[PDB]
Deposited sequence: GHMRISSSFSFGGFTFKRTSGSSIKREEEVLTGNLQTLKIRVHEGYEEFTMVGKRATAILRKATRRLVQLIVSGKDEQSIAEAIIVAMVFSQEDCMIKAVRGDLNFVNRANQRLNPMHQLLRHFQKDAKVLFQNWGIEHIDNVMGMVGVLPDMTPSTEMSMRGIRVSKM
């Protein structure tokens, strides 16, 4: 049971979710009603120029491993995963509604990427950390984001 979002074909590989219509507050203190998916799920994200493995819980991205043609393709996949995750820091970075959030971050993901948070990494090799400005790092990455070689 496959579906499409932001140019990516998502396929659930594990888990399940139930939906709950919920009201969330953006960084401008605007109320949006979104359909929240509750549960732990794992997906493949297949696009024309990037592919990824996403693991998420309710409104929380656990891990995203991205592969792609270049920085732009990879960033494009990261934006979709972050919006898809429904995380509160993604909603707070704003300063069908899922498509509206996506269209907003696609224009400029600078605030999304800053506000997301950064973490120290272990060096699983063949996977690199990526900084908010898309520079690769072997020490630090945006929370749960890893870049894999094509």
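Would you flag the ranges of the deposited sequence that the structure leaves without C-alpha positions?
Those parts of the chain that were deposited but carry no coordinates are 1-6, 102-114.
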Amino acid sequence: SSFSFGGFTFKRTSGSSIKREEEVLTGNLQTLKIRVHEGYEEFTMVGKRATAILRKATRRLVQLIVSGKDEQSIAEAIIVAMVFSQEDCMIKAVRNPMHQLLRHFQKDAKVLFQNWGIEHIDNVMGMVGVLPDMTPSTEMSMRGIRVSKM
From here on, numbers count along this sequence of modelled residues.
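Mean C-alpha B-factor higher for 112-120, or for 63-71?
It is 112-120 that shows the higher mean C-alpha B-factor.
Of 19-27 and 130-138, the stretch whose C-alpha atoms average the higher B-factor in the entry
Going by the record's values, the stretch with the higher mean is 130-138.
Looking at 50, 101, 125, 93, which has the highest CA B-factor as recorded?
Largest recorded C-alpha B-factor: 125.
Going by what the PDB entry lists, where does residue 40 fall on CA B-factor within its chain: lowest, middle or highest third?
Its C-alpha B-factor belongs to the highest third of this chain's values.
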